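Topology and contacts: notes
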Amino acid sequence: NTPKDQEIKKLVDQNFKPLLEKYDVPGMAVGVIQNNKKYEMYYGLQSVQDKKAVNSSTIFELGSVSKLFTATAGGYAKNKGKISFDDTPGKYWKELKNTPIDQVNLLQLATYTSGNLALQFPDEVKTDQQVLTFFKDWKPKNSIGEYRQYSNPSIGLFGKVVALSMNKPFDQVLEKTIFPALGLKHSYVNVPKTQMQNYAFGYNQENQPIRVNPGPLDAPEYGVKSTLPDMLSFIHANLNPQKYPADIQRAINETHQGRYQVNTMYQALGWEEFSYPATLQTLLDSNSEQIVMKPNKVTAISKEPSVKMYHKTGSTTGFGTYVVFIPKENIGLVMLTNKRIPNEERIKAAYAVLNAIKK
C-alpha cells in the first residue's frame, strides 16, 4: 500500500541520510532511475552560510566522474573516424612525435596502462607548456600495456588528443558537442557567472567552504560540474543508447566495452564494469588501495559477461560523487555530496538501495 516513490525515498533515508551526520556532510542529492521513471531526493544545504537548500538546480563538482564524459567524447571521435584507438598521441599533438610517450596508444592512455603515469601530474606542472614538457620528458618504466595504474594525466592526455582530433578545445568538445548530444543543459566545464548562484560550495574535512581550483588538463580529468537531473539524464543515456543518433549511440557503447580485467573488475572506457549480480565485495575491491593506488598486471577478458553493471566514484577536495547503472534491470543511481565521504560508504549505500527496490 506504499507507492514506489515513497518506497525509494524510505530506502534512501535508511541508507544515505545517516551518512550526513556520520561524516558531517552539509548537502547531498540522491537520484534513482527505474524503468524510465526518475526519483530525486535532496538533503541539507548547498551553502551553509547562505542557508541555501540543495535542490534540482544545485550544481556539484563530479571529480573523476568527469572521466566518463571524456570517455564518451573519445568514443564519439572514434566512431566519427577522427581517431583510432591504435593511434599514438604524436599523430595529433605533433610535438610528441618521436618521444617515448608516442609509443603508447590511445586505448592504453585511456585505460591507464602506459606503465609510468602516476595518480596526478606533479604539483609544479601547471601551464600548457609545462604539460607538453612533462610528456616530452616522460620515459617508460614498466612494459607498455601490461600494468594498470589509475592515472589522471593518462586519461587527461587521451582527452587532449580527442580534442585535437575534433579541432576544438576540450571544454568546447563537451559544452558544444557532447553535452548537447546527450540532452544535458545544466552541465558545465566552466560555470558561467549567471549560474554561480547555483554552484554549491564544497566543504573540506574541517567543514570549510571551497571549490575546485584550476589544474593541468583539469577539464578531461575532473572538470565537469552538473546537477542531479542532468546526471539522471546521463544515466538514462547509458541505459538506453538506442535513443540517440548513430554517432552518440556508438560512443556510449564504446564506453561500455570491457577492455581487460584486473580480477573481478573489467576496465571499460571510463566506466568500471562487473558481472551482475555483483557481490558487495567485488564492488568494494574496485576501490581498494591495491587497485586504486598500486600497479596491477592486466589480464585478457575471459568471461564476457552477458549481464553486467557499471560504476564510477569521483571526488574533488570538496565533493563526492558515485554513479552506478544495471542495464538489464533498467535501473541506476547517482549520489552527489558537497563533502567527501569514503568511497566504501557510497558503494555500500547504493548497493543496499538498488538491491531492495522492488522490480
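Residues numbered from 1 in each chain as written, not as in the entry; some residues may be left out. Heavy atoms only, no water. Residues with missing side-chain atoms left out of burial classes, pairs and counts.

Mapping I178 onto the fold places it in helix 7 (residues 170-181). Expressed as a C-alpha distance, the spacing of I178 and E273, which sit 95 residues apart in the sequence, is 22 Å. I178 has contacts with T72, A73, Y76, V173 and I248, leaving out every residue within four places of it along the chain. (Helix = DSSP H or I, 4+ residues; strand = E, 2+ residues; numbered from the N terminus. Contact = heavy atoms within 4.5 Å.)

Okay, the sheet that holds strand 10 (residues 265-267) next. Strand pairing in a sheet relies on backbone hydrogen bonds, with the paired strands running either antiparallel or parallel. Across the sheet, which stays open at both edges, the 9 strands sit in the order 3-2-1-15-14-13-11-10-9 with antiparallel pairing between neighbours. Each edge of the sheet is formed by a strand with only one pairing partner; in this case those strands are strand 3 (52-53) and strand 9 (260-262). In terms of strand pairing, strand 11 (residues 272-275) meets strand 13 (residues 308-316) through 4 bridges, oriented antiparallel. Paired with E273 across the two strands is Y310, which belongs to strand 13. Of the strands in this sheet, strand 1 (27-34) and strand 2 (37-47) touch helix 1 (residues 4-15), which is tilted by about 40° from strand 2. (Pairing = 2+ DSSP bridges. Axes fitted to C-alpha atoms, helices over the stretch in contact; angles between N-to-C directions.)

This brings us to the nonpolar core. By size, the foremost hydrophobic cluster in this structure holds 111 residues, and its most contacted members are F16, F69, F135 and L333. Not counting residues up to four positions away in its chain, the partners in contact with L333 are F16, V30, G31, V32, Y322, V323, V324, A350, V353 and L354. (Core = buried A, V, L, I, M, F, W, Y, C linked by side-chain atoms within 4.5 Å. Buried < 20%, exposed > 50% of the residue type's maximum accessible area, 1.4 Å probe, protein only.)

Right, let's get into the environment of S143. Relative to the helices and strands, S143 resides in the loop between helix 5 (128-136) and strand 5 (147-148). Counting along the chain gives 28 residues from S143 to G115, while the straight-line C-alpha distance between them is 5.9 Å.

Here we come to the packing of aromatic side chains. In the structure shown here, the tally under the stated rule is 13 aromatic pairs. Measuring from centroid to centroid gives 6.2 Å for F85 and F158, while their planes differ by 55°, and the two rings are tilted. One end of the pair, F85, is in the loop between helix 3 (66-79) and helix 4 (106-110); the other, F158, is in helix 6 (residues 152-166), and 73 residues separate them in sequence. Looking at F85, the relative accessible area reads 7%, which means it is buried. A residue is classified by how much of its surface remains accessible, and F158, at 2% relative accessible area, is buried. Both rings, one in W271 and one in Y310, keep their centres 6.4 Å apart while their planes meet at 70°; by these two values the pair is edge-to-face. Taken together, the positions of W271 in the loop between strand 10 and strand 11 and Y310 in strand 13 put the pair 39 residues apart, joining distant regions of the chain. By relative accessible area, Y310 is classed as buried at 1%. (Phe/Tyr/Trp six-rings, centres within 6.5 Å; stacked < 30°, edge-to-face > 60°.)

A separate point is the packing of helix 1 against helix 13 (residues 343-356). At a closest axis distance of 9 Å, the pairing of helix 1 and helix 13 adopts a crossing angle of 155°. Judged on the interaxial angle alone, helix 13 and helix 1 are roughly antiparallel. As helix 1 packs across helix 13, the resulting crossing turns out to be right-handed. Between helix 1 and helix 13, the residues in contact are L11, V12 and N15 and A349, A352, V353 and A356, respectively. (Parallel < 35°, antiparallel > 145°, perpendicular 65-115°, else oblique. Left-handed = near helix turned anticlockwise from the far one by under 90°.)

With that out of the way, let us pick up the environment of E273. The topology assignment puts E273 in strand 11. Residue classification places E273 among the buried residues on the basis of a relative accessible area of 0%. Residues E273 and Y310, 37 residues apart in the sequence, show an inter-C-alpha distance of 4.4 Å. With sequence-adjacent residues up to four places away left out, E273 is seen in contact with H256, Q257, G258, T264, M265, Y266, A268, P305, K308, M309 and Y310. Reaching out from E273, the side chain makes a polar contact with the backbone nitrogen of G258 at a distance of 3.1 Å. (Polar contact = N/O pair within 3.5 Å; in protein donor to acceptor, adjacent residues only side chain to side chain.)

Another point: the side chain of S286. Among the structural elements, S286 can be located in the loop between helix 11 (280-285) and helix 12 (289-293). Residue class for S286 comes out buried when judged on its relative accessible area of 3%. There is a polar contact of 3.0 Å between the side chain of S286 and the side chain of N287. Not counting the four nearest positions on each side in its chain, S286 is found in contact with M265, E272, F274, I291, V292 and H311.

Just geometry here; none of it tells us what the structure is for.
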